[PDB]
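Next comes just one chain, in structure tokens: the form solved without the partner chain.
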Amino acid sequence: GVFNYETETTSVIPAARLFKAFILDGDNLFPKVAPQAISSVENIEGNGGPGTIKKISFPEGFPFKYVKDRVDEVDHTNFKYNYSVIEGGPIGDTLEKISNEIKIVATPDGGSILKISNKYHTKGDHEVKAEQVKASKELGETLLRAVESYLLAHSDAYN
């Protein structure tokens, strides 16, 4: 079958406020609290729901870095936000594809828990060098930390 690279982490931020920011405004906060992950977003179709298509740009130097990527299954109620990769610079048809999945869940501890599942579809004699994989895990963790840091760097009260 394909490859899998799912992960999960905890956060003192609420799963609701964290979801909207990583889901409703995720594409807008990506290039804001993470200039090293996504440069900008260009919704081609869909309104951010499941199957939506948006041109995500990646801050890199190679010839191809951005990509189309289509949403998989969004859920503004069950805290579910998954998106697949389809028109990638390197991707031409459907080989070396990638299907991710994001799920946030608040816990009775003053925070919530996020679970990010990732998939890597390969074919022919090609494969997935951990490199691009190790770089995705480092960037994925920086995204969840970039948002948690922000919400914590807020200022609504003084004493």
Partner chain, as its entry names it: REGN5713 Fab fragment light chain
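Residue numbers count along the first chain shown, from 1.
Another form, the form deposited with the partner chain bound, is not on view; read the next lines as being about it.
Contact between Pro90 and the partner chain in the entry with it bound is not found at the 4.5 Å heavy atom cutoff. Although the partner is absent here, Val67 is not a contact residue: none of its heavy atoms lies within 4.5 angstroms of the partner chain in the entry with it bound.
Residue contact check for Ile56: none of its heavy atoms lie within 4.5 Å of the partner chain in the entry with it bound. Scanning 99-118 for heavy atoms within 4.5 Å of the partner chain in the entry with it bound gives no residues at all.
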